[PDB]
$ cat structure_36.pdb   # PDB, N, CA and C atoms
MODEL        1
ATOM      1  N   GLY A   1      -7.281 -13.896  -4.982  1.00  0.00           N
ATOM      2  CA  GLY A   1      -7.901 -12.656  -4.505  1.00  0.00           C
ATOM      3  C   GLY A   1      -8.462 -12.827  -3.102  1.00  0.00           C
ATOM      4  N   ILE A   2      -9.146 -11.796  -2.619  1.00  0.00           N
ATOM      5  CA  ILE A   2      -9.624 -11.771  -1.281  1.00  0.00           C
ATOM      6  C   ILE A   2     -10.581 -12.891  -0.942  1.00  0.00           C
ATOM      7  N   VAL A   3     -11.427 -13.317  -1.873  1.00  0.00           N
ATOM      8  CA  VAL A   3     -12.373 -14.425  -1.550  1.00  0.00           C
ATOM      9  C   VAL A   3     -11.609 -15.743  -1.300  1.00  0.00           C
ATOM     10  N   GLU A   4     -10.641 -16.041  -2.160  1.00  0.00           N
ATOM     11  CA  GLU A   4      -9.834 -17.269  -2.070  1.00  0.00           C
ATOM     12  C   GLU A   4      -9.076 -17.265  -0.731  1.00  0.00           C
ATOM     13  N   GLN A   5      -8.555 -16.113  -0.358  1.00  0.00           N
ATOM     14  CA  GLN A   5      -7.700 -16.004   0.786  1.00  0.00           C
ATOM     15  C   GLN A   5      -8.416 -15.854   2.141  1.00  0.00           C
ATOM     16  N   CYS A   6      -9.626 -15.299   2.139  1.00  0.00           N
ATOM     17  CA  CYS A   6     -10.327 -14.901   3.378  1.00  0.00           C
ATOM     18  C   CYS A   6     -11.651 -15.565   3.542  1.00  0.00           C
ATOM     19  N   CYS A   7     -12.225 -16.073   2.475  1.00  0.00           N
ATOM     20  CA  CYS A   7     -13.475 -16.799   2.523  1.00  0.00           C
ATOM     21  C   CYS A   7     -13.287 -18.310   2.411  1.00  0.00           C
ATOM     22  N   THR A   8     -12.634 -18.735   1.331  1.00  0.00           N
ATOM     23  CA  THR A   8     -12.388 -20.107   1.110  1.00  0.00           C
ATOM     24  C   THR A   8     -11.320 -20.661   2.029  1.00  0.00           C
ATOM     25  N   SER A   9     -10.481 -19.783   2.518  1.00  0.00           N
ATOM     26  CA  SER A   9      -9.525 -20.117   3.526  1.00  0.00           C
ATOM     27  C   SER A   9      -9.536 -19.072   4.622  1.00  0.00           C
ATOM     28  N   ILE A  10      -8.755 -19.301   5.660  1.00  0.00           N
ATOM     29  CA  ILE A  10      -8.775 -18.423   6.820  1.00  0.00           C
ATOM     30  C   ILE A  10      -8.040 -17.127   6.577  1.00  0.00           C
ATOM     31  N   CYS A  11      -8.749 -16.057   6.859  1.00  0.00           N
ATOM     32  CA  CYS A  11      -8.236 -14.701   6.694  1.00  0.00           C
ATOM     33  C   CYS A  11      -7.129 -14.379   7.695  1.00  0.00           C
ATOM     34  N   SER A  12      -6.472 -13.256   7.483  1.00  0.00           N
ATOM     35  CA  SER A  12      -5.491 -12.739   8.430  1.00  0.00           C
ATOM     36  C   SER A  12      -5.595 -11.194   8.398  1.00  0.00           C
ATOM     37  N   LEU A  13      -5.131 -10.550   9.454  1.00  0.00           N
ATOM     38  CA  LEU A  13      -5.051  -9.099   9.423  1.00  0.00           C
ATOM     39  C   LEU A  13      -4.090  -8.593   8.321  1.00  0.00           C
ATOM     40  N   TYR A  14      -2.958  -9.290   8.138  1.00  0.00           N
ATOM     41  CA  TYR A  14      -1.951  -8.896   7.146  1.00  0.00           C
ATOM     42  C   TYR A  14      -2.643  -8.797   5.819  1.00  0.00           C
ATOM     43  N   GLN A  15      -3.406  -9.809   5.475  1.00  0.00           N
ATOM     44  CA  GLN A  15      -4.121  -9.847   4.200  1.00  0.00           C
ATOM     45  C   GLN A  15      -5.256  -8.872   4.047  1.00  0.00           C
ATOM     46  N   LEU A  16      -6.082  -8.695   5.067  1.00  0.00           N
ATOM     47  CA  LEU A  16      -7.104  -7.672   5.017  1.00  0.00           C
ATOM     48  C   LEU A  16      -6.602  -6.276   4.847  1.00  0.00           C
ATOM     49  N   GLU A  17      -5.515  -5.917   5.572  1.00  0.00           N
ATOM     50  CA  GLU A  17      -4.933  -4.610   5.468  1.00  0.00           C
ATOM     51  C   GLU A  17      -4.412  -4.255   4.073  1.00  0.00           C
ATOM     52  N   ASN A  18      -4.045  -5.261   3.306  1.00  0.00           N
ATOM     53  CA  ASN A  18      -3.630  -5.037   1.938  1.00  0.00           C
ATOM     54  C   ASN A  18      -4.771  -4.496   1.041  1.00  0.00           C
ATOM     55  N   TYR A  19      -5.999  -4.647   1.482  1.00  0.00           N
ATOM     56  CA  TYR A  19      -7.168  -4.050   0.806  1.00  0.00           C
ATOM     57  C   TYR A  19      -7.657  -2.695   1.347  1.00  0.00           C
ATOM     58  N   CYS A  20      -7.033  -2.163   2.410  1.00  0.00           N
ATOM     59  CA  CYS A  20      -7.312  -0.791   2.841  1.00  0.00           C
ATOM     60  C   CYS A  20      -6.730   0.185   1.855  1.00  0.00           C
ATOM     61  N   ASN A  21      -7.384   1.312   1.668  1.00  0.00           N
ATOM     62  CA  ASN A  21      -6.832   2.396   0.825  1.00  0.00           C
ATOM     63  C   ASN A  21      -5.605   3.046   1.502  1.00  0.00           C
TER      64      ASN A  21
ATOM     65  N   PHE B   1     -10.780 -11.075  15.533  1.00  0.00           N
ATOM     66  CA  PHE B   1     -12.043 -11.419  14.780  1.00  0.00           C
ATOM     67  C   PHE B   1     -11.751 -11.642  13.295  1.00  0.00           C
ATOM     68  N   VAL B   2     -10.511 -11.375  12.895  1.00  0.00           N
ATOM     69  CA  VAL B   2     -10.203 -11.473  11.463  1.00  0.00           C
ATOM     70  C   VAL B   2      -9.580 -12.829  11.118  1.00  0.00           C
ATOM     71  N   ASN B   3      -9.252 -13.613  12.127  1.00  0.00           N
ATOM     72  CA  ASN B   3      -8.519 -14.874  11.912  1.00  0.00           C
ATOM     73  C   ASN B   3      -9.488 -16.047  11.817  1.00  0.00           C
ATOM     74  N   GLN B   4     -10.332 -15.954  10.786  1.00  0.00           N
ATOM     75  CA  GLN B   4     -11.396 -16.931  10.502  1.00  0.00           C
ATOM     76  C   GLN B   4     -11.823 -16.824   9.046  1.00  0.00           C
ATOM     77  N   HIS B   5     -12.709 -17.718   8.641  1.00  0.00           N
ATOM     78  CA  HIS B   5     -13.322 -17.613   7.307  1.00  0.00           C
ATOM     79  C   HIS B   5     -14.324 -16.466   7.297  1.00  0.00           C
ATOM     80  N   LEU B   6     -14.168 -15.521   6.387  1.00  0.00           N
ATOM     81  CA  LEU B   6     -15.020 -14.342   6.278  1.00  0.00           C
ATOM     82  C   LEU B   6     -15.589 -14.275   4.862  1.00  0.00           C
ATOM     83  N   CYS B   7     -16.885 -14.458   4.738  1.00  0.00           N
ATOM     84  CA  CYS B   7     -17.533 -14.497   3.435  1.00  0.00           C
ATOM     85  C   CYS B   7     -18.626 -13.441   3.311  1.00  0.00           C
ATOM     86  N   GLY B   8     -18.801 -12.931   2.084  1.00  0.00           N
ATOM     87  CA  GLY B   8     -19.898 -12.014   1.766  1.00  0.00           C
ATOM     88  C   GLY B   8     -19.940 -10.811   2.653  1.00  0.00           C
ATOM     89  N   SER B   9     -21.097 -10.527   3.265  1.00  0.00           N
ATOM     90  CA  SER B   9     -21.200  -9.336   4.078  1.00  0.00           C
ATOM     91  C   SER B   9     -20.254  -9.333   5.272  1.00  0.00           C
ATOM     92  N   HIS B  10     -19.934 -10.530   5.733  1.00  0.00           N
ATOM     93  CA  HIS B  10     -19.028 -10.733   6.853  1.00  0.00           C
ATOM     94  C   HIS B  10     -17.590 -10.212   6.555  1.00  0.00           C
ATOM     95  N   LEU B  11     -17.133 -10.412   5.328  1.00  0.00           N
ATOM     96  CA  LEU B  11     -15.839  -9.948   4.835  1.00  0.00           C
ATOM     97  C   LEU B  11     -15.849  -8.449   4.679  1.00  0.00           C
ATOM     98  N   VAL B  12     -16.925  -7.913   4.087  1.00  0.00           N
ATOM     99  CA  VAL B  12     -17.069  -6.458   3.909  1.00  0.00           C
ATOM    100  C   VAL B  12     -17.040  -5.760   5.309  1.00  0.00           C
ATOM    101  N   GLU B  13     -17.735  -6.352   6.255  1.00  0.00           N
ATOM    102  CA  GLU B  13     -17.791  -5.819   7.606  1.00  0.00           C
ATOM    103  C   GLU B  13     -16.395  -5.791   8.227  1.00  0.00           C
ATOM    104  N   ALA B  14     -15.657  -6.891   8.099  1.00  0.00           N
ATOM    105  CA  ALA B  14     -14.270  -6.942   8.607  1.00  0.00           C
ATOM    106  C   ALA B  14     -13.374  -5.865   7.995  1.00  0.00           C
ATOM    107  N   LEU B  15     -13.440  -5.724   6.671  1.00  0.00           N
ATOM    108  CA  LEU B  15     -12.688  -4.666   5.980  1.00  0.00           C
ATOM    109  C   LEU B  15     -13.067  -3.305   6.512  1.00  0.00           C
ATOM    110  N   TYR B  16     -14.360  -3.072   6.674  1.00  0.00           N
ATOM    111  CA  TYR B  16     -14.875  -1.791   7.242  1.00  0.00           C
ATOM    112  C   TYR B  16     -14.267  -1.497   8.612  1.00  0.00           C
ATOM    113  N   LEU B  17     -14.319  -2.489   9.495  1.00  0.00           N
ATOM    114  CA  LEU B  17     -13.816  -2.340  10.858  1.00  0.00           C
ATOM    115  C   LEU B  17     -12.279  -2.177  10.911  1.00  0.00           C
ATOM    116  N   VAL B  18     -11.574  -2.962  10.136  1.00  0.00           N
ATOM    117  CA  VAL B  18     -10.083  -2.946  10.159  1.00  0.00           C
ATOM    118  C   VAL B  18      -9.578  -1.662   9.502  1.00  0.00           C
ATOM    119  N   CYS B  19     -10.170  -1.270   8.387  1.00  0.00           N
ATOM    120  CA  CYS B  19      -9.599  -0.180   7.562  1.00  0.00           C
ATOM    121  C   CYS B  19      -9.940   1.225   8.042  1.00  0.00           C
ATOM    122  N   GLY B  20     -11.042   1.339   8.785  1.00  0.00           N
ATOM    123  CA  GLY B  20     -11.460   2.611   9.362  1.00  0.00           C
ATOM    124  C   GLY B  20     -11.589   3.723   8.319  1.00  0.00           C
ATOM    125  N   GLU B  21     -11.001   4.891   8.592  1.00  0.00           N
ATOM    126  CA  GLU B  21     -11.262   6.073   7.752  1.00  0.00           C
ATOM    127  C   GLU B  21     -10.410   6.060   6.449  1.00  0.00           C
ATOM    128  N   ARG B  22      -9.506   5.089   6.362  1.00  0.00           N
ATOM    129  CA  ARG B  22      -8.857   4.745   5.090  1.00  0.00           C
ATOM    130  C   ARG B  22      -9.874   4.300   4.013  1.00  0.00           C
ATOM    131  N   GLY B  23     -10.856   3.531   4.418  1.00  0.00           N
ATOM    132  CA  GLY B  23     -11.683   2.822   3.481  1.00  0.00           C
ATOM    133  C   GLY B  23     -10.903   1.660   2.900  1.00  0.00           C
ATOM    134  N   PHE B  24     -11.508   1.063   1.875  1.00  0.00           N
ATOM    135  CA  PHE B  24     -11.020  -0.175   1.322  1.00  0.00           C
ATOM    136  C   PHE B  24     -11.622  -0.432  -0.030  1.00  0.00           C
ATOM    137  N   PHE B  25     -11.046  -1.395  -0.704  1.00  0.00           N
ATOM    138  CA  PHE B  25     -11.598  -1.920  -1.941  1.00  0.00           C
ATOM    139  C   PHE B  25     -11.913  -3.429  -1.793  1.00  0.00           C
ATOM    140  N   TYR B  26     -13.077  -3.787  -2.297  1.00  0.00           N
ATOM    141  CA  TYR B  26     -13.630  -5.146  -2.217  1.00  0.00           C
ATOM    142  C   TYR B  26     -13.801  -5.616  -3.657  1.00  0.00           C
ATOM    143  N   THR B  27     -12.885  -6.493  -4.079  1.00  0.00           N
ATOM    144  CA  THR B  27     -12.851  -6.952  -5.414  1.00  0.00           C
ATOM    145  C   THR B  27     -12.962  -8.486  -5.416  1.00  0.00           C
ATOM    146  N   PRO B  28     -14.191  -9.030  -5.336  1.00  0.00           N
ATOM    147  CA  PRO B  28     -14.289 -10.465  -5.194  1.00  0.00           C
ATOM    148  C   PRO B  28     -13.983 -11.255  -6.442  1.00  0.00           C
ATOM    149  N   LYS B  29     -14.138 -10.662  -7.621  1.00  0.00           N
ATOM    150  CA  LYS B  29     -13.960 -11.444  -8.837  1.00  0.00           C
ATOM    151  C   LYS B  29     -12.511 -11.630  -9.200  1.00  0.00           C
ATOM    152  N   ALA B  30     -11.684 -10.740  -8.682  1.00  0.00           N
ATOM    153  CA  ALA B  30     -10.271 -10.729  -8.988  1.00  0.00           C
ATOM    154  C   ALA B  30      -9.477 -10.534  -7.691  1.00  0.00           C
TER     155      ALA B  30
ENDMDL
END
$ encode --input "structure_36.pdb" --output "structure tokens"
Amino acid sequence: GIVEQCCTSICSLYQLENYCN
Amino acid sequence: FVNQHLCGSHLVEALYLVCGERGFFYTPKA
């Protein structure tokens, strides 16, 4: 999930955008 | 600003800024 991908490891725009509505 | 470790309020803030008037969902447990 988002914590594993963006907190515990380095985030990306590609990944953040997947959580936009 | 998104190409780093983003935790807690910092992650929510990034989602807010990136997603704009779309909004977003923040699901940390899953």
$ residues_around --input "structure_36.pdb" --residues "range 9-21 of chain A" --least-positions-apart "3" --cutoff "5 Å" --atoms "all atoms listed in the file" --output "ChimeraX atom specification"
/A:4-6 /B:2-5,22-25
$ resolve_selection --input "structure_36.pdb" --expression "the PyMOL selection byres ((chain A and resi 3) around 8)" --output "PyMOL selection string"
(chain A and resi 1-2+4-9) or (chain B and resi 6-8+27-30)
$ write_last_selection --input "structure_36.pdb" --atoms "N, CA and C atoms" --output "tab-separated table (two decimals), in the frame of the given file"
chain	number	residue	atom	x	y	z
A	1	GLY	N	-7.28	-13.90	-4.98
A	1	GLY	CA	-7.90	-12.66	-4.50
A	1	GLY	C	-8.46	-12.83	-3.10
A	2	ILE	N	-9.15	-11.80	-2.62
A	2	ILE	CA	-9.62	-11.77	-1.28
A	2	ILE	C	-10.58	-12.89	-0.94
A	4	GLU	N	-10.64	-16.04	-2.16
A	4	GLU	CA	-9.83	-17.27	-2.07
A	4	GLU	C	-9.08	-17.26	-0.73
A	5	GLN	N	-8.56	-16.11	-0.36
A	5	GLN	CA	-7.70	-16.00	0.79
A	5	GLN	C	-8.42	-15.85	2.14
A	6	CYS	N	-9.63	-15.30	2.14
A	6	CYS	CA	-10.33	-14.90	3.38
A	6	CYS	C	-11.65	-15.56	3.54
A	7	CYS	N	-12.22	-16.07	2.48
A	7	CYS	CA	-13.48	-16.80	2.52
A	7	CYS	C	-13.29	-18.31	2.41
A	8	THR	N	-12.63	-18.74	1.33
A	8	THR	CA	-12.39	-20.11	1.11
A	8	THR	C	-11.32	-20.66	2.03
A	9	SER	N	-10.48	-19.78	2.52
A	9	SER	CA	-9.52	-20.12	3.53
A	9	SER	C	-9.54	-19.07	4.62
B	6	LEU	N	-14.17	-15.52	6.39
B	6	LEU	CA	-15.02	-14.34	6.28
B	6	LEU	C	-15.59	-14.28	4.86
B	7	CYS	N	-16.89	-14.46	4.74
B	7	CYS	CA	-17.53	-14.50	3.44
B	7	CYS	C	-18.63	-13.44	3.31
B	8	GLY	N	-18.80	-12.93	2.08
B	8	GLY	CA	-19.90	-12.01	1.77
B	8	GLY	C	-19.94	-10.81	2.65
B	27	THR	N	-12.88	-6.49	-4.08
B	27	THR	CA	-12.85	-6.95	-5.41
B	27	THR	C	-12.96	-8.49	-5.42
B	28	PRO	N	-14.19	-9.03	-5.34
B	28	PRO	CA	-14.29	-10.46	-5.19
B	28	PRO	C	-13.98	-11.26	-6.44
B	29	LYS	N	-14.14	-10.66	-7.62
B	29	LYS	CA	-13.96	-11.44	-8.84
B	29	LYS	C	-12.51	-11.63	-9.20
B	30	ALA	N	-11.68	-10.74	-8.68
B	30	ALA	CA	-10.27	-10.73	-8.99
B	30	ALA	C	-9.48	-10.53	-7.69
$ select_by_dssp --input "structure_36.pdb" --residues "chain A" --states "helix (DSSP H, G or I)" --output "VMD selection string"
chain A and resid 2 to 6 13 to 17
